[PDB]
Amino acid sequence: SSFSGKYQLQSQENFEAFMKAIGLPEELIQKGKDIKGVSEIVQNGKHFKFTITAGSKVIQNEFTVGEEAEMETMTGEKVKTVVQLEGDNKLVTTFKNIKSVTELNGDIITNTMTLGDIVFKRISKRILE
């Protein structure tokens, strides 16, 4: 019912391949590929504040689902997109050629980002605090 929490990355697939596909330099990719950090979500109804840690970067995005917002991506580009909430537990959007699904089941968020033939999947676990 609520996405709010601090989430410890547990495992991911295709980090290097995804970051390569979107144009990040290999030297940066190798520096961040094995970090497993903590991302935070604060949900208040349709409103979300994301503090995402991915690789060597921290990105802070804010959006209300259903409203167009400017979201910073891993390339530094700020993309205009709308994130929708399907049910109470799935956040979906598309930007550039990437389909993103953020799904909360119990305490586990599965984030699946699909770019052509690359499925970049992150599994994180809510720190029960």
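Residue indices: 1-based, along the sequence shown.
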| field | Entry-level comparison of average CA B-factors, 50-58 and 66-74, reporting the higher stretch | value | 66-74
| request: Can you let me know which of the two, 28-36 or 100-108, has the higher average C-alpha B-factor in the entry? | output: 28-36
| task | Grab the CA temperature factor for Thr81 from the record and place it in the lowest, middle or highest third of its chain. | result | highest
| task | Could you tell me which third, lowest, middle or highest, the C-alpha B-factor of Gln43 occupies within its chain? | result | lowest
| field | Chain third (lowest, middle, highest) by recorded CA B-factor, residue given as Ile22 | value | highest
| In terms of the CA temperature factor given in the entry, to which third of its chain does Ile118 belong: lowest, middle or highest? | highest
